[PDB]
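Everything on this sheet refers to the single structure shown next.
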Amino acid sequence: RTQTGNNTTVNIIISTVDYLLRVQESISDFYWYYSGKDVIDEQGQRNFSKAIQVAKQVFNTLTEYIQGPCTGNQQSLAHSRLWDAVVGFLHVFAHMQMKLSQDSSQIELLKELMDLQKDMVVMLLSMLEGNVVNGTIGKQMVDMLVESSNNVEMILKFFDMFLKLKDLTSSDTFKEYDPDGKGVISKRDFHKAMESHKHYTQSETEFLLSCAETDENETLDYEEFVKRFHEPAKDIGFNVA
Amino acid sequence: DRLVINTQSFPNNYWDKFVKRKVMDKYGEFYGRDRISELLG
Ligand SMILES: Cn1c(=O)c2c(ncn2C)n(C)c1=O
């Protein structure tokens, strides 16, 4: 941070802060490009994964910058810019899950992306820790969050949907609903199963039914629809929780 | 008391029977509106 012993010095932490700012801006405009066509080619995906790896790595650096409770590091970070880049990240994620909620192409990058969210919020809580009364830096975080509160909604309720509907799918309109319970439960079988539950909105449950991916006639697997990422999503939501 | 659910003067010395319609409105839209109300009466 300081490098006191020499005549002159720099603060390299500010340098990496602005570097990831530039990185963030780049990824956001990449989203702005892909935000209209939404039929994303191989190329943008595979380079984008590498950009994701950059974001992962720089968050790893960031975390280990605040690996301990190093205070003046937190002070510089409190006066640093970076929060806006986080806000833009949330904005990316919010729409990003929805376009990435579709295909075998999507789910890899989606997994990396929700991984990146997890690492980013790990970074956030790791720099959080030094609070006492209500946390001046925590007040700052509240400002950032309830500022960007709207795009927080999409990701959190997406988590809610994917979590509670991997939870629902055990039985009592599911396993006895067919003889086997493999997932030969049809599309509208599960749809009216949801209706008999009457828990969620029809819109996003039928959106899930759109992401049921049409198992060759009407049916839908139990794990392979939701769980295989939902429990990763459970980990992620646990972190944010 | 699984056999008293449908009974007519159900709080015959307690309070009031409007609580039956009240919990119909608590639950019948979820599961069965005319089913559970008729299950009560
Ligand atoms: C009908 N009724 C009530 O509804 C009631 C009550 N005490 C409280 N409630 C609410 N008593 C004594 C009562 O007779």
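Chain labels A, B, ... are given in the sequence in which chains occur in the structure tokens; within each chain residues are numbered consecutively from 1, and ligands are likewise numbered from 1 in the order shown.
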Inset, instruction - Enumerate as a VMD selection string the residues belonging to chain A that approach chain B to within 10 Å, with only C-alpha atoms taken into account. - result: chain A and resid 195 to 199
Using N, CA and C atoms, can you export the residues from the last selection as a PDB file, in the first residue's frame?
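Saved to selection_8.pdb:
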```
ATOM      1  N   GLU A 195     -49.359 -25.339 -10.191  1.00  0.00           N
ATOM      2  CA  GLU A 195     -50.633 -24.673  -9.942  1.00  0.00           C
ATOM      3  C   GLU A 195     -51.286 -25.203  -8.679  1.00  0.00           C
ATOM      4  N   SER A 196     -51.219 -26.517  -8.476  1.00  0.00           N
ATOM      5  CA  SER A 196     -51.719 -27.117  -7.250  1.00  0.00           C
ATOM      6  C   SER A 196     -50.891 -26.685  -6.057  1.00  0.00           C
ATOM      7  N   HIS A 197     -49.601 -26.437  -6.269  1.00  0.00           N
ATOM      8  CA  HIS A 197     -48.804 -25.840  -5.209  1.00  0.00           C
ATOM      9  C   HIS A 197     -49.242 -24.411  -4.949  1.00  0.00           C
ATOM     10  N   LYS A 198     -49.401 -23.634  -6.022  1.00  0.00           N
ATOM     11  CA  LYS A 198     -49.816 -22.231  -5.998  1.00  0.00           C
ATOM     12  C   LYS A 198     -48.899 -21.403  -5.102  1.00  0.00           C
ATOM     13  N   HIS A 199     -47.608 -21.708  -5.191  1.00  0.00           N
ATOM     14  CA  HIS A 199     -46.602 -20.982  -4.436  1.00  0.00           C
ATOM     15  C   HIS A 199     -46.155 -19.739  -5.186  1.00  0.00           C
TER      16      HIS A 199
END
```
Inset, instruction - Could I get the residue neighbourhood of ligand 1 at 7 Å, counting only C-alpha atoms and all ligand atoms, as JSON, numbers by chain? - result: {"B": [14, 15, 16]}
May I have the selected residues written with C-alpha atoms, as a PDB file, in the first residue's frame?
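Now in selection24.pdb:
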```pdb
ATOM      1  CA  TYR B  14     -67.402 -21.699  22.121  1.00  0.00           C
ATOM      2  CA  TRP B  15     -67.423 -18.428  20.196  1.00  0.00           C
ATOM      3  CA  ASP B  16     -68.447 -18.074  16.600  1.00  0.00           C
TER       4      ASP B  16
END
```
Legend entry - 12 Å contact set for residue 22 in chain A, only C-alpha atoms, chain neighbours under 2 positions out, as a VMD selection string: chain A and resid 15 to 20 24 to 29 55 81 to 82 84 to 85 88
Legend entry - Per-residue DSSP, range 37-93 of chain A, filtered to helix (DSSP H, G or I), as a PyMOL selection string: chain A and resi 37+42-65+71-78+83-93
Inset, instruction - Would you list the contacts of residue 220 in chain A as a PyMOL selection string, taking every protein, DNA or RNA residue within 9 Å and counting only C-alpha atoms, but skipping same-chain residues closer than 2 positions in sequence? - result: chain A and resi 182-187+190+209+212-215+218+222+224-225
Next, dump the selected residues to file, keeping only N, CA, C and O atoms, as a compact mmCIF listing (two decimals), in the first residue's frame.
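Result written to out14.txt:
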```
# COMPACT_ATOMS: atom_id res chain seq x y z
N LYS A 182 -38.85 -40.81 -12.45
CA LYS A 182 -37.62 -40.44 -13.15
C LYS A 182 -37.68 -39.00 -13.63
O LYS A 182 -36.68 -38.27 -13.54
N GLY A 183 -38.84 -38.55 -14.05
CA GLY A 183 -38.89 -37.32 -14.78
C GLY A 183 -39.61 -37.49 -16.09
O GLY A 183 -39.44 -36.72 -17.04
N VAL A 184 -40.45 -38.52 -16.13
CA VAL A 184 -41.42 -38.67 -17.21
C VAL A 184 -42.67 -37.84 -16.92
O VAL A 184 -43.65 -37.90 -17.68
N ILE A 185 -42.67 -37.10 -15.81
CA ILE A 185 -43.65 -36.06 -15.56
C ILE A 185 -43.62 -35.07 -16.70
O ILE A 185 -42.58 -34.50 -17.02
N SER A 186 -44.77 -34.87 -17.33
CA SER A 186 -44.84 -34.05 -18.53
C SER A 186 -44.67 -32.58 -18.18
O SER A 186 -44.55 -32.18 -17.01
N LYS A 187 -44.68 -31.76 -19.23
CA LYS A 187 -44.59 -30.31 -19.06
C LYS A 187 -45.79 -29.78 -18.30
O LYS A 187 -45.65 -29.20 -17.23
N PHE A 190 -46.11 -31.00 -14.71
CA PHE A 190 -45.42 -30.16 -13.75
C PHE A 190 -46.06 -28.79 -13.64
O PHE A 190 -46.02 -28.17 -12.57
N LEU A 209 -40.64 -23.61 -17.06
CA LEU A 209 -41.20 -24.56 -18.00
C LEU A 209 -40.74 -24.28 -19.42
O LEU A 209 -40.70 -25.19 -20.25
N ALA A 212 -37.56 -25.82 -19.38
CA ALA A 212 -37.63 -27.27 -19.21
C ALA A 212 -37.05 -28.01 -20.40
O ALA A 212 -36.83 -29.23 -20.29
N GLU A 213 -36.86 -27.33 -21.53
CA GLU A 213 -36.06 -27.77 -22.67
C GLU A 213 -36.64 -28.97 -23.40
O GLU A 213 -35.94 -29.58 -24.21
N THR A 214 -37.92 -29.28 -23.15
CA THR A 214 -38.77 -30.12 -24.01
C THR A 214 -38.18 -31.52 -24.21
O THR A 214 -37.67 -31.86 -25.28
N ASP A 215 -38.24 -32.32 -23.15
CA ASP A 215 -37.62 -33.64 -23.14
C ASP A 215 -38.33 -34.62 -24.08
O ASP A 215 -39.03 -35.54 -23.65
N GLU A 218 -42.94 -34.30 -23.81
CA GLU A 218 -43.42 -33.32 -22.85
C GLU A 218 -42.67 -33.39 -21.54
O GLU A 218 -42.90 -32.54 -20.69
N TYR A 222 -35.84 -34.53 -13.18
CA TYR A 222 -35.86 -33.88 -11.87
C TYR A 222 -34.56 -33.15 -11.58
O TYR A 222 -34.56 -31.92 -11.42
N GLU A 224 -31.72 -32.88 -13.58
CA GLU A 224 -31.11 -32.25 -14.74
C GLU A 224 -31.85 -31.01 -15.19
O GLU A 224 -31.31 -30.25 -16.00
N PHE A 225 -33.05 -30.78 -14.68
CA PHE A 225 -33.66 -29.49 -14.92
C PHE A 225 -33.02 -28.40 -14.07
O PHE A 225 -32.65 -27.35 -14.60
```
Legend entry - Gap from CA of residue 41 in chain B to CA of residue 18 in chain B - Å, one decimal: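 Between these atoms lies a distance of 11.7 Å.
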Legend entry - Test item: residues at most 12 Å from residue 50 in chain A, only C-alpha atoms, excluding those fewer than 5 positions along its chain, as number ranges by chain: A: 27, 43-45, 55-57, 109, 112-113
Print the selection's residues with N, CA and C atoms to a file, as a PDB file, in the first residue's frame.
```
ATOM      1  N   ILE A  27     -16.505  -5.419 -19.814  1.00  0.00           N
ATOM      2  CA  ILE A  27     -17.427  -6.535 -19.771  1.00  0.00           C
ATOM      3  C   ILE A  27     -18.854  -6.046 -19.904  1.00  0.00           C
ATOM      4  N   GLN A  43     -17.550 -18.072 -30.289  1.00  0.00           N
ATOM      5  CA  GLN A  43     -16.346 -17.259 -30.155  1.00  0.00           C
ATOM      6  C   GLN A  43     -16.433 -16.308 -28.979  1.00  0.00           C
ATOM      7  N   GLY A  44     -17.524 -15.538 -28.919  1.00  0.00           N
ATOM      8  CA  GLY A  44     -17.723 -14.609 -27.821  1.00  0.00           C
ATOM      9  C   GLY A  44     -17.798 -15.323 -26.494  1.00  0.00           C
ATOM     10  N   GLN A  45     -18.344 -16.534 -26.507  1.00  0.00           N
ATOM     11  CA  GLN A  45     -18.386 -17.339 -25.302  1.00  0.00           C
ATOM     12  C   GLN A  45     -16.992 -17.731 -24.841  1.00  0.00           C
ATOM     13  N   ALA A  55     -11.363 -11.813 -14.409  1.00  0.00           N
ATOM     14  CA  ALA A  55     -12.130 -11.227 -13.322  1.00  0.00           C
ATOM     15  C   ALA A  55     -11.987 -12.047 -12.055  1.00  0.00           C
ATOM     16  N   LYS A  56     -11.972 -13.360 -12.221  1.00  0.00           N
ATOM     17  CA  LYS A  56     -11.739 -14.271 -11.116  1.00  0.00           C
ATOM     18  C   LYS A  56     -10.392 -14.023 -10.481  1.00  0.00           C
ATOM     19  N   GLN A  57      -9.363 -13.919 -11.313  1.00  0.00           N
ATOM     20  CA  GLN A  57      -8.016 -13.766 -10.808  1.00  0.00           C
ATOM     21  C   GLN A  57      -7.868 -12.455 -10.076  1.00  0.00           C
ATOM     22  N   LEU A 109     -20.822 -20.972 -19.035  1.00  0.00           N
ATOM     23  CA  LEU A 109     -20.497 -19.585 -18.769  1.00  0.00           C
ATOM     24  C   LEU A 109     -21.318 -19.038 -17.626  1.00  0.00           C
ATOM     25  N   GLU A 112     -19.625 -20.155 -14.555  1.00  0.00           N
ATOM     26  CA  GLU A 112     -18.459 -19.324 -14.285  1.00  0.00           C
ATOM     27  C   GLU A 112     -18.882 -17.962 -13.786  1.00  0.00           C
ATOM     28  N   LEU A 113     -20.003 -17.483 -14.285  1.00  0.00           N
ATOM     29  CA  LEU A 113     -20.449 -16.156 -13.930  1.00  0.00           C
ATOM     30  C   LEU A 113     -20.968 -16.115 -12.512  1.00  0.00           C
TER      31      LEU A 113
END
```
Legend entry - For residue 3 in chain B: contacts at 12 Å, only C-alpha atoms, fewer than 5 positions along chain excluded, given as an MDAnalysis selection string: chainID B and resid 8 10 39:40
Could those residues be written to a file, using N, CA and C atoms, as an mmCIF file, in the first residue's frame?
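The resulting file, part_19.cif, is reproduced below:
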```
data_model
loop_
_atom_site.group_PDB
_atom_site.id
_atom_site.type_symbol
_atom_site.label_atom_id
_atom_site.label_comp_id
_atom_site.auth_asym_id
_atom_site.auth_seq_id
_atom_site.Cartn_x
_atom_site.Cartn_y
_atom_site.Cartn_z
ATOM 1 N N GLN B 8 -71.991 -29.120 12.180
ATOM 2 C CA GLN B 8 -72.768 -27.981 11.725
ATOM 3 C C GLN B 8 -72.686 -26.836 12.709
ATOM 4 N N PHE B 10 -70.638 -26.020 14.941
ATOM 5 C CA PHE B 10 -69.318 -26.492 15.351
ATOM 6 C C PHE B 10 -68.820 -25.861 16.650
ATOM 7 N N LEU B 39 -66.294 -29.177 2.760
ATOM 8 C CA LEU B 39 -65.754 -30.047 3.797
ATOM 9 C C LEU B 39 -66.115 -29.527 5.177
ATOM 10 N N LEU B 40 -66.210 -28.213 5.319
ATOM 11 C CA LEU B 40 -66.764 -27.664 6.543
ATOM 12 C C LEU B 40 -68.282 -27.621 6.472
#
```
Inset, instruction - Show which residues sit within 9 Å of range 143-158 of chain A, as a list in words. Count only C-alpha atoms, and ignore same-chain residues fewer than 3 positions away. - result: residues 83, 84, 86, 87, 88, 90, 91, 92, 93, 94, 95, 97, 98, 138, 139, 140, 161, 162, 163, 204 and 237 of chain A
Can you spit out the residues from that selection as a PDB file, in the first residue's frame, using N, CA, C and O atoms?
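Writing done, so here's result_37.pdb:
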```
ATOM      1  N   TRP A  83     -16.794   0.596  -6.025  1.00  0.00           N
ATOM      2  CA  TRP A  83     -18.138   0.169  -5.684  1.00  0.00           C
ATOM      3  C   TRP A  83     -19.053   0.221  -6.885  1.00  0.00           C
ATOM      4  O   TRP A  83     -19.914  -0.642  -7.071  1.00  0.00           O
ATOM      5  N   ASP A  84     -18.863   1.243  -7.704  1.00  0.00           N
ATOM      6  CA  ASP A  84     -19.603   1.396  -8.940  1.00  0.00           C
ATOM      7  C   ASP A  84     -19.373   0.232  -9.884  1.00  0.00           C
ATOM      8  O   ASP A  84     -20.298  -0.194 -10.584  1.00  0.00           O
ATOM      9  N   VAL A  86     -18.728  -2.765  -8.975  1.00  0.00           N
ATOM     10  CA  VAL A  86     -19.546  -3.814  -8.403  1.00  0.00           C
ATOM     11  C   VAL A  86     -20.983  -3.637  -8.827  1.00  0.00           C
ATOM     12  O   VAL A  86     -21.651  -4.608  -9.172  1.00  0.00           O
ATOM     13  N   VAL A  87     -21.456  -2.393  -8.830  1.00  0.00           N
ATOM     14  CA  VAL A  87     -22.840  -2.101  -9.189  1.00  0.00           C
ATOM     15  C   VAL A  87     -23.109  -2.524 -10.622  1.00  0.00           C
ATOM     16  O   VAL A  87     -24.110  -3.190 -10.923  1.00  0.00           O
ATOM     17  N   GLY A  88     -22.173  -2.201 -11.507  1.00  0.00           N
ATOM     18  CA  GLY A  88     -22.285  -2.625 -12.884  1.00  0.00           C
ATOM     19  C   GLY A  88     -22.201  -4.122 -13.034  1.00  0.00           C
ATOM     20  O   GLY A  88     -22.841  -4.692 -13.921  1.00  0.00           O
ATOM     21  N   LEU A  90     -23.413  -6.271 -10.804  1.00  0.00           N
ATOM     22  CA  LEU A  90     -24.754  -6.711 -10.430  1.00  0.00           C
ATOM     23  C   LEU A  90     -25.719  -6.506 -11.568  1.00  0.00           C
ATOM     24  O   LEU A  90     -26.561  -7.370 -11.851  1.00  0.00           O
ATOM     25  N   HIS A  91     -25.585  -5.366 -12.236  1.00  0.00           N
ATOM     26  CA  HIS A  91     -26.408  -5.073 -13.390  1.00  0.00           C
ATOM     27  C   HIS A  91     -26.179  -6.091 -14.490  1.00  0.00           C
ATOM     28  O   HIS A  91     -27.125  -6.507 -15.163  1.00  0.00           O
ATOM     29  N   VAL A  92     -24.930  -6.514 -14.663  1.00  0.00           N
ATOM     30  CA  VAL A  92     -24.621  -7.532 -15.654  1.00  0.00           C
ATOM     31  C   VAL A  92     -25.289  -8.837 -15.282  1.00  0.00           C
ATOM     32  O   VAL A  92     -25.962  -9.461 -16.105  1.00  0.00           O
ATOM     33  N   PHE A  93     -25.170  -9.209 -14.013  1.00  0.00           N
ATOM     34  CA  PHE A  93     -25.618 -10.512 -13.552  1.00  0.00           C
ATOM     35  C   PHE A  93     -27.115 -10.639 -13.674  1.00  0.00           C
ATOM     36  O   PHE A  93     -27.628 -11.706 -14.043  1.00  0.00           O
ATOM     37  N   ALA A  94     -27.808  -9.533 -13.395  1.00  0.00           N
ATOM     38  CA  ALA A  94     -29.260  -9.527 -13.305  1.00  0.00           C
ATOM     39  C   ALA A  94     -29.884  -9.915 -14.625  1.00  0.00           C
ATOM     40  O   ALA A  94     -30.686 -10.849 -14.699  1.00  0.00           O
ATOM     41  N   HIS A  95     -29.469  -9.264 -15.688  1.00  0.00           N
ATOM     42  CA  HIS A  95     -29.963  -9.684 -16.976  1.00  0.00           C
ATOM     43  C   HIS A  95     -29.227 -10.905 -17.467  1.00  0.00           C
ATOM     44  O   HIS A  95     -29.759 -11.637 -18.305  1.00  0.00           O
ATOM     45  N   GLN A  97     -28.183 -13.771 -16.039  1.00  0.00           N
ATOM     46  CA  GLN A  97     -28.726 -15.077 -15.696  1.00  0.00           C
ATOM     47  C   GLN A  97     -29.848 -15.471 -16.635  1.00  0.00           C
ATOM     48  O   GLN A  97     -29.979 -16.639 -17.011  1.00  0.00           O
ATOM     49  N   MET A  98     -30.649 -14.497 -17.035  1.00  0.00           N
ATOM     50  CA  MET A  98     -31.857 -14.796 -17.777  1.00  0.00           C
ATOM     51  C   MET A  98     -31.539 -15.222 -19.193  1.00  0.00           C
ATOM     52  O   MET A  98     -32.102 -16.199 -19.694  1.00  0.00           O
ATOM     53  N   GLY A 138     -19.799  -0.278   6.286  1.00  0.00           N
ATOM     54  CA  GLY A 138     -21.021  -1.004   6.041  1.00  0.00           C
ATOM     55  C   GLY A 138     -22.132  -0.073   5.624  1.00  0.00           C
ATOM     56  O   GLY A 138     -22.952  -0.431   4.786  1.00  0.00           O
ATOM     57  N   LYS A 139     -22.156   1.136   6.193  1.00  0.00           N
ATOM     58  CA  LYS A 139     -23.083   2.165   5.739  1.00  0.00           C
ATOM     59  C   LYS A 139     -22.864   2.464   4.279  1.00  0.00           C
ATOM     60  O   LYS A 139     -23.821   2.541   3.504  1.00  0.00           O
ATOM     61  N   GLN A 140     -21.596   2.580   3.894  1.00  0.00           N
ATOM     62  CA  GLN A 140     -21.223   2.760   2.502  1.00  0.00           C
ATOM     63  C   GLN A 140     -21.729   1.606   1.642  1.00  0.00           C
ATOM     64  O   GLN A 140     -22.221   1.813   0.525  1.00  0.00           O
ATOM     65  N   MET A 161     -36.389 -18.850  -6.918  1.00  0.00           N
ATOM     66  CA  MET A 161     -37.107 -19.739  -7.819  1.00  0.00           C
ATOM     67  C   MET A 161     -36.385 -21.058  -7.971  1.00  0.00           C
ATOM     68  O   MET A 161     -36.969 -22.129  -7.755  1.00  0.00           O
ATOM     69  N   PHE A 162     -35.095 -20.988  -8.275  1.00  0.00           N
ATOM     70  CA  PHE A 162     -34.354 -22.183  -8.633  1.00  0.00           C
ATOM     71  C   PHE A 162     -34.151 -23.054  -7.396  1.00  0.00           C
ATOM     72  O   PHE A 162     -34.315 -24.279  -7.450  1.00  0.00           O
ATOM     73  N   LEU A 163     -33.963 -22.414  -6.242  1.00  0.00           N
ATOM     74  CA  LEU A 163     -33.815 -23.117  -4.975  1.00  0.00           C
ATOM     75  C   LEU A 163     -35.106 -23.784  -4.541  1.00  0.00           C
ATOM     76  O   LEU A 163     -35.143 -24.995  -4.301  1.00  0.00           O
ATOM     77  N   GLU A 204     -42.843 -16.890 -13.898  1.00  0.00           N
ATOM     78  CA  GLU A 204     -41.497 -17.422 -13.857  1.00  0.00           C
ATOM     79  C   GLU A 204     -41.482 -18.928 -13.718  1.00  0.00           C
ATOM     80  O   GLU A 204     -40.520 -19.565 -14.143  1.00  0.00           O
ATOM     81  N   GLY A 237     -26.108 -18.318  -2.999  1.00  0.00           N
ATOM     82  CA  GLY A 237     -27.075 -17.601  -2.205  1.00  0.00           C
ATOM     83  C   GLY A 237     -26.782 -17.689  -0.730  1.00  0.00           C
ATOM     84  O   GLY A 237     -27.111 -16.777   0.022  1.00  0.00           O
TER      85      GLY A 237
END
```
Inset, instruction - Using only C-alpha atoms, pick whichever of A:136, A:102, A:2, A:60 has the shortest atom-to-atom distance to residue 116 in chain A. - result: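 Among A:136, A:102, A:2, A:60, it is A:60 that comes nearest to residue 116 in chain A.
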Inset, instruction - Quick one: pull the distance between CA of residue 5 in chain B and CA of residue 35 in chain B, Å, one decimal. - result: 13.1 Å
Inset, instruction - Can you work out the spacing between CA of residue 47 in chain A and CA of residue 30 in chain A in Å, to one decimal? - result: 11.0 Å
